[PDB]
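Bear in mind these aren't lab numbers, they're just calculated from the coordinates by the rules spelled out. Ideal geometry is used to build each Cβ from the backbone, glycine not excepted, and the neighbour counts take in all protein chains shown.
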There are 2 protein chains.
Amino acid sequence: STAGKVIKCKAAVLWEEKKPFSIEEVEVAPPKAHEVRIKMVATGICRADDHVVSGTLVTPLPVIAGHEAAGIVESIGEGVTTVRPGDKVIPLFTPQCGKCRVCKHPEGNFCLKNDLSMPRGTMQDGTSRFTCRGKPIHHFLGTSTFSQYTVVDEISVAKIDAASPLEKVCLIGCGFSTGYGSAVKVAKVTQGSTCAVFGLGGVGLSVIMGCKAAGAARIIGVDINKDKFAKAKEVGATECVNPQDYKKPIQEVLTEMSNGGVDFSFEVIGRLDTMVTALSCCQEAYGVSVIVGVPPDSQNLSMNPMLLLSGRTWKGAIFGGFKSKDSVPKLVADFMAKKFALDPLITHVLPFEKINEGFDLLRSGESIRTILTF
Amino acid sequence: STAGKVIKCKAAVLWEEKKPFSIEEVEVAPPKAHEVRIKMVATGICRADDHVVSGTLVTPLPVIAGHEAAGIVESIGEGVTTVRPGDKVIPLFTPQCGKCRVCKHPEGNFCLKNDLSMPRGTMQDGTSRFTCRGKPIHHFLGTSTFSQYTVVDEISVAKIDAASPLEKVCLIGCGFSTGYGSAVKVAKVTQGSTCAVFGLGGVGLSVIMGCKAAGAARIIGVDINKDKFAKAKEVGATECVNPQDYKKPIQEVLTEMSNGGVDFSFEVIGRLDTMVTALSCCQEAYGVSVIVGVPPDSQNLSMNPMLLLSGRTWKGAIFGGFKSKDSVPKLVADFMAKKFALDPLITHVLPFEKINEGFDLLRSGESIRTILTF
Ligand SMILES: NC(=O)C1=CN([C@@H]2O[C@H](COP(=O)(O)OP(=O)(O)OC[C@H]3O[C@@H](n4cnc5c(N)ncnc54)[C@H](O)[C@@H]3O)[C@@H](O)[C@H]2O)C=CC1
Ligand SMILES: NC(=O)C1=CN([C@@H]2O[C@H](COP(=O)(O)OP(=O)(O)OC[C@H]3O[C@@H](n4cnc5c(N)ncnc54)[C@H](O)[C@@H]3O)[C@@H](O)[C@H]2O)C=CC1
Ligand SMILES: O=CNC1CCCCC1
Ligand SMILES: O=CNC1CCCCC1
Ligand SMILES: [Zn+2]
Ligand SMILES: [Zn+2]
Ligand SMILES: [Zn+2]
Ligand SMILES: [Zn+2]
């Protein structure tokens, strides 16, 4: 009784940067060709959403943000073949068109049809499906999950197992998969290795989980919020260090702790100084440093290229290096086979209409992931 | 009639930067325990030698430079077990102690006994075996091959096949092996890939050889000296471009030619701007960029970390990543098996007394490698 109709729902609308989300009435157009309209079930509060509010990440405004979520398909567009109404799905902020050079490449997963390099904030067709107060609203990374109903392109949605728990697997839409894959797929952490993880948020804890499952012997967590240390050790960190506790830059301390440098370091914060510090603290002849955190907009860092000439490898990745549409259903199956845990990451559960409050939990440091439920 | 005696011979002493080499008479102390004294037969002129003369690379002065070379063992010290008097050898500007954390690592080659991170300009015991005009002279990278005789620590010398032509395998002491390994061992160039090589000197041409040996489909050479293009195509380049011919930045031209970025790029010059350019011109989701050139001393570059977050890999290496003492004798055997060619790299052959004109052949852009014979 909704298929082909404009839907009546409510969504968290951002009107200007640095302002709270305005819960308002929105009009969600029905799906066009190769498009999917999804009833939302559960969505996470990711730091990347906050970067939109802070201006750290620049996308066209006004927008409905949100990108870490899982729901039920409400209706399908002309030509849709991968999902039907009633399937559980997870929208993909990194699409997998399957037709570009990156999708055919064995390693790449940053599909060229992505809306992240030059943000337009539209569907693949360049228009918007969202109307609030009669004005057109931008999409976010082709997902826009801060809504009871959203519409996504087919290449930005993955059908997942019909028995999966939606309040937990929504993190496979971003936080967990990014951190987990950064360790096991991007850095490719080895057995018996020593790792250093900068940032103990949701992504950073997932990096720790991946390092441990990869068989690392030492995992050093680094965070200026010592309240994060308990859960970091819970998921696998062997030690935690607070840079504010030392009179030396943390890279010397880490280099001394690791008897000459760690095998793998991860920057999971999004600051220029910690990216160079993370690179410096891995072993100069064979260390690998992976940038996961997002720096603010337009920022050049400074580094001495002698740090690389000695033998270091420096790399980054989106979404833990996973080809999104292929990997997400597999990761959900893995979760159901209890191959990894997601509950350590969920620190509270709130109803969706209280999106704004749950955000201040993130920026005040009490939370890892808050799950907004619908 | 020399074993155990001070030898008095010719040496090219460099007393200060930006001035010619002073060909003179020096006193070469006999080897102490675990040291080897070598009669030099052939030495190549590497750009890294020129960097000490220009101050680009700072090592203690006065010095006997040279590090790309081959000779015959004159005598060995007490305890030497790997070489004997009469052996053909190549001194290793990167040692292989075999005992440090890096030597034990499967992938690393930058042995912690190197004299490159913190140059002392001495033997491993901290003293010098060179005396010239009253003064003790500094060693260079534990090799100092611009001398009739040098003394090197055992961990810095490799025994090679006795049927080797020293006038041509000396390039395995640096130039060839550095470029070749940067492609086949560090980048791991794949078959059918497109590569970009910045800098078409001896090291850069060896990168091209490695890319071709690795089965690259396109190899784009980049040099502002268009006289380098012929010999580059000879050893495998499919295309060459001169940045001075373009109005738009060369990485734009290269991304352009490669339909979105190359698979592998190599900086083999030693300039900060070209290292950033080489990185930018590889494909943003899965490109790999390798720094081979040495920048001027203590200089930072500036770059946008978003270039890595999309999926690029940025790394460097000393000596093409080869474990020196293990690889040099095996590379010589490969040359002896005609598995690779060194002739393309040798453009001039001069006697050691004309060291200064061979340096001027390099600085004028006329030569690739000049081989000095004693
Ligand atoms: N590459 C990708 O695909 C993705 C990147 N990200 C980015 O990774 C970062 C983390 O995401 P979340 O875990 O959700 O964020 P978070 O904000 O929850 O955790 C970040 C941690 O960094 C700590 N921190 C802040 N400044 C620090 C400093 N100077 N030194 C040490 N620790 C410091 C904080 O105490 C905090 O605990 C963000 O930049 C996010 O935008 C997030 C998802 C996907
Ligand atoms: N990483 C390692 O283990 C080693 C590093 N090196 C360094 O590699 C670099 C190259 O070594 P060589 O081939 O022997 O030097 P080279 O001087 O023989 O070749 C350098 C090439 O760079 C070209 N060039 C200079 N400026 C350029 C620019 N803006 N754009 C494009 N091309 C430019 C020059 O025309 C020249 O052909 C040097 O920095 C050398 O010190 C050398 C041996 C080992
Ligand atoms: O967190 C989800 N997506 C992020 C990925 C890194 C760049 C900013 C957007
Ligand atoms: O060319 C030989 N050795 C070089 C290696 C890179 C640092 C400077 C010295
Ligand atoms: Zn996210
Ligand atoms: Zn694609
Ligand atoms: Zn050299
Ligand atoms: Zn060693």
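Looking only at other chains, what is the average number of their beta-carbon atoms within 10 angstrom of each beta-carbon in B:286-294? Each step should come with its number before you reach the end.
Details: counts 9, 1, 3, 2, 3, 6, 1, 2, 3.
That average works out to 3.
Put a label point 7 Å from Cα along the Cβ direction on B:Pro165, then list its distances to the equivalent points in the other copies in nm, shortest first.
7.2
Label points 7 Å out from Cα along the Cβ direction at B:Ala163 and A:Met118: separation in nm?
The answer from the label model is 6.1 nm.
How would you classify the protein assembly as shown from its alpha-carbon gyration tensor, with a ≥ b ≥ c the square roots of the eigenvalues: rounded for a/c under 1.5, else prolate if a/b is greater than b/c, otherwise oblate?
On the way: a/c = 2.80, a/b = 2.14, b/c = 1.31.
Here the protein assembly as shown falls in the prolate category.
What are the principal axis extents of the Cα atoms in chain B, in Å, biggest first?
Principal extents (Cα only, largest first): 66, 41, 37 Å.
Ratio of segment B:78-155's C-alpha Rg to 2.2 N^0.38 Å, to two decimals?
Details: Rg = 13.5 Å, N = 78, 2.2 N^0.38 = 11.5 Å.
With N residues counted in segment B:78-155, Rg over 2.2 N^0.38 Å equals 1.17.
Provide a whole-number value for the mean count of partner chain Cβ atoms within 10 Å of the Cβ atoms in peptide A:112-122.
On the way: counts 3, 0, 2, 0, 3, 3, 0, 0, 0, 0, 0.
Mean number of neighbouring Cβ atoms from other chains: 1.
Near B:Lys354, which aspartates and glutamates are there with a Cα under 17 Å away, not counting those fewer than 8 places off in the same chain?
Cross-link targets: B:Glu24, B:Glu25, B:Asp49, B:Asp50, B:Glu68, B:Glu167, B:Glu366.
Relative contact order of segment B:8-158, please, whole-number percent, based on alpha carbon pairs below 8 angstrom and at least 6 residues apart. Spell out each step's value before the answer.
Working: 376 pairs, mean separation 47.5, N = 151.
Over segment B:8-158, the number comes to 31 percent.
Report, for the protein assembly as shown, the % of DSSP beta bridges that are antiparallel, rounded to 5.
Among the beta bridges of the protein assembly as shown, antiparallel pairing accounts for roughly 60 percent.
Suppose a student asked you for the relative contact order of chain B, using Cα pairs under 8 Å spaced at least 6 residues apart; what percent would you report? Kindly include the intermediate steps, with their values, before the conclusion.
Working: 925 pairs, mean separation 65.6, N = 374.
After rounding, I find 18 percent.
For B:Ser22, which inter-copy label distances result when the label point lies 7 Å beyond Cα on the Cα-to-Cβ vector, reported in nm to one decimal and in ascending order?
8.0
Hey, what's the Cα Rg ratio for segment A:194-245 versus the globular rule of thumb, 2.2 N^0.38 Å? List each step's numbers first, then the result.
Values: Rg = 9.6 Å, N = 52, 2.2 N^0.38 = 9.9 Å.
Compactness ratio reported: 0.97.
With no solvent and one equal point scatterer placed on each C-alpha of segment A:1-44, evaluate the Debye formula and give log10 I(q)/I(0) for q = 0.22, 0.31, 0.32, 0.34 Å⁻¹, two decimals.
-0.90, -1.15, -1.17, -1.21
About the Cα centre of the protein assembly as shown, how large is the charge dipole given +1 on each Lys and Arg Cβ and -1 on each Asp and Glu Cβ? Please answer in debye to the nearest 20.
Numbers: 84 positive and 76 negative charges, 225 e Å.
So the dipole magnitude of the protein assembly as shown works out to roughly 1080 debye.
Report the gain in length on full extension from A:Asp297 to A:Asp334: 0.36 nm times residue separation, minus Cα-Cα distance, nm rounded to one decimal.
Extending this stretch completely gives an extra 9.8 nm.
Using only alpha carbon positions, build the gyration tensor of segment A:1-155, then give the equivalent ellipsoid semi-axes as the square roots of 5 times its eigenvalues, largest first, whole angstrom.
Details: eigenvalues 98, 85, 35 Å².
Sorted largest first and rounded, they come to 22, 21, 13 Å.
Hey, for A:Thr347 with labels 7 Å out along Cα-Cβ, what do the inter-copy distances come to in nm, ordered shortest first?
Label-point separations across copies, in nm and ascending: 6.2.
Please report the net charge: other residues with Cβ closer than 12 Å to the Cβ of A:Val184, K and R +1, D and E -1. Don't skip to the end; give the middle numbers.
On the way: positive: A:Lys185, A:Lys188, A:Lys212, A:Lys339; negative: A:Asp334.
Around A:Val184, the charge tally is +3.
What are the ³J(HN,Hα) values, in whole Hz, obtained from phi via the Karplus relation 6.51 cos²θ - 1.76 cosθ + 1.60 with θ = phi - 60°, for each residue of segment A:111-123 in sequence order, with x given for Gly and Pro?
So the J values, rounded to whole Hz, are 3, 5, 7, 5, 9, 9, 5, 10, x, 9, x, 10, 5.
Which cross-chain or sequence-distant (5 or more) residues have an amide H under 5 Å from the amide H of A:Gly316, H modelled 1.01 Å from N in plane?
A:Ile291, B:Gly311, B:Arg312
With the cut-off at 29 Å, report for segment A:202-353 the share of all Cα pairs above it, as a whole percent.
Working: 2457 of 11476 pairs.
Value for segment A:202-353: 21 percent of Cα pairs lie more than 29 Å apart.
Using Cα atoms only, what is the angle between the long axis of helix B:202-213 and the major principal axis of chain B, expressed in degrees (0 to 90) to the nearest 10?
Taking the Cα atoms of chain B, the angle to B:202-213 is about 60 degrees.
With chain A rotated onto chain B, spot the residue of A whose Cβ lies nearest the axis and note the distance in whole Å.
A:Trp314, 2
Calculate the mean, over all residues of peptide B:296-309, of how many other protein chain Cβ atoms lie within 10 angstrom of the residue's Cβ.
6
Which whole-Hz ³J(HN,Hα) couplings does segment A:57-63 yield from phi under the Karplus relation 6.51 cos²θ - 1.76 cosθ + 1.60, θ = phi - 60°, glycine and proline marked x?
10, 10, 9, x, 10, x, 9
Going out from 0 in 5 Å bins, what whole percent of all Cα-Cα distances in segment A:168-277 drops into each bin?
That works out to 2, 13, 25, 26, 21, 9, 2, 1, 0, in percent per bin.
Straight-line reach from B:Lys248: which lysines have a Cα under 19 Å away, not including same-chain ones fewer than 8 places off?
Partners found: B:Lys226.
Can you find, among B:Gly98, B:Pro62, B:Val13, the residue farthest towards the positive end of the dipole of segment B:8-123? Put +1 on the C-beta of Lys and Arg, -1 on that of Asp and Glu.
Checking the options against the dipole of segment B:8-123, the answer is B:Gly98.
With Kirkwood's inverse mean 1/r over C-alpha pairs for Rh, give me the Rg to Rh ratio of segment A:130-192, two decimals please. Before the final figure, lay out the partial values.
Numbers: Rg = 16.3 Å, Rh = 14.7 Å.
That ratio equals 1.11.
Put +1 on the Cβ of every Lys and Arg and -1 on every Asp and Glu Cβ in chain B; which of B:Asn300, B:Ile23, B:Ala317 then has its Cα farthest towards the positive end of the dipole?
B:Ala317
Pop a pseudo-label 7 angstrom from the Cα along the beta-carbon direction at both B:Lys188 and B:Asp50 and give the gap in nm to one decimal.
Simple spin-label model gives 3.4 nm for this pair.
Please get the size of the charge dipole for chain B, origin at its Cα centre, with Cβ charges of +1 on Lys and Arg and -1 on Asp and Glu, quoted in debye to the nearest 20.
Values: 42 positive and 38 negative charges, 140 e Å.
Computed about the Cα centre, the dipole is about 680 debye.
Using Cα atoms only, what is the angle between the long axis of helix A:272-281 and the major principal axis of chain A, expressed in degrees (0 to 90) to the nearest 10?
It is inclined by approximately 40 degrees.
As a quick test, which of the pairs A:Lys185/A:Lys325; B:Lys10/B:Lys135; A:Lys113/A:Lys330 have an alpha carbon distance above 19 angstrom in this structure? Show your work: numbers first, answer last.
On the way: A:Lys185/A:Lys325 16 Å; B:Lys10/B:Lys135 15 Å; A:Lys113/A:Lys330 22 Å.
From the list (A:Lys185/A:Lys325; B:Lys10/B:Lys135; A:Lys113/A:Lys330), the Cα-Cα distance tops 19 Å for A:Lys113/A:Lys330.
Over segment B:232-374, what is the relative contact order in percent, taking alpha-carbon pairs closer than 8 angstrom and at least six residues apart?
15 percent
Say each of B:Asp227 and B:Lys19 gets a label point 7 Å from the Cα, pointing the same way as Cα to Cβ; how far apart are those two points in nm?
2.9 nm
In the structure displayed, which of B:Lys159/B:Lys323; B:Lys104/B:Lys339; B:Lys39/B:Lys159; A:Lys159/A:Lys323 lie more than 19 Å apart, Cα to Cα? All intermediate terms of the calculation are to be shown ahead of the outcome.
On the way: B:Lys159/B:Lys323 14 Å; B:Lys104/B:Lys339 28 Å; B:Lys39/B:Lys159 14 Å; A:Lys159/A:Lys323 14 Å.
Cα-Cα > 19 Å for B:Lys104/B:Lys339; rest within.
Could you list the chymotrypsin sites (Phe, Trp or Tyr not before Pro) in segment A:208-303 that lie in coil according to DSSP, counting only those with at most 14 other Cβ atoms within 10 Å of their Cβ? Could the numbers behind the result be given before it?
Details: sites: A:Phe229, A:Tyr246, A:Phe264, A:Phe266, A:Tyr286; in loops: A:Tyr246, A:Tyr286.
Sites meeting the loop and neighbour criteria: A:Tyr246.
If you stretched the chain out fully between A:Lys247 and A:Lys354, how much longer would it get, using 0.36 nm times the residue separation minus the C-alpha to C-alpha distance? Walk me through the numbers before you get to the answer.
Working: separation 107, 0.36 × 107 = 38.52 nm, distance 4.19 nm.
Contour length minus the Cα-Cα distance gives 34.3 nm.
Under a cut-off of 17 Å between alpha-carbon atoms, report the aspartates and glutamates in cross-link reach of A:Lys247, not counting same-chain residues fewer than 8 places apart.
A:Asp223, A:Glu256, A:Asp273
Kindly express, to the nearest 10 degrees and within the range 0 to 90, the angle between helix B:324-336's C-alpha long axis and the longest C-alpha principal axis of chain B.
80 degrees
Using only helices, what value at 222 nm comes out for chain B when you add -39,500 (n - 2.57) per DSSP H run of length 4 or more and divide by the total residues, to the nearest 500 deg cm²/dmol? Each step should come with its number before you reach the end.
Values: 10 runs with 81 residues, N = 374.
So the calculated ellipticity at 222 nm is -6000 deg cm²/dmol.
Have a look at B:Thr82, B:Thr122, B:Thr56 and tell me which one the Gaussian network model of chain B (Cα, springs below 10 Å) gives the largest fluctuation.
B:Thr82
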